Every structure is written in structure tokens, then in C-alpha cells.
Amino acid sequence: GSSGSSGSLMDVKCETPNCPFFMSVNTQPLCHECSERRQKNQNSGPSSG
Ligand SMILES: [Zn+2]
């Protein structure tokens, strides 16, 4: 039903012992939440530039 992504939430809890969310196969050891959250840290600026 239009569901499913590269990564699949496994029975393993997110790396962070404070994150109640599980870590996906493409987000591990972090989860979808943290994963993206971390990305912000590193940025290449505007696509154009
Ligand atoms: Zn997490």
C-alpha cells in the first residue's frame, strides 16, 4: 500500500539509549529520526553553489 523504504525497522532499538525508536537497516546504528538529525551537522550549502 505504498509503504516500505530502502531501510527496514529491525527489532533492534536505536543506538541512542534515550531514543525509543528503532534503528532501520539504512539508518543503523541510528534511526530515521537521529540519522537525519545528524545529517544537519554536515552541510554542503546550496545545491547551486
Ligand atoms: Zn534514534
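Take the sequence shown: its letters are residues 1 to 49, numbered as in the deposited numbering. Note that CB positions come from ideal geometry on N, CA and C, so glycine has one too.
In this structure, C14 is the residue among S2, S44, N41, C14 with its C-alpha nearest to the C-alpha of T27. Taking 7 angstroms as the cut-off, one finds no heavy atom of ligand 1 near enough to the beta carbon of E36. Here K13 is bridged, per DSSP, to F22.
Here the C-alpha atom of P17 lies approximately 16 angstroms from the C-alpha atom of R38.
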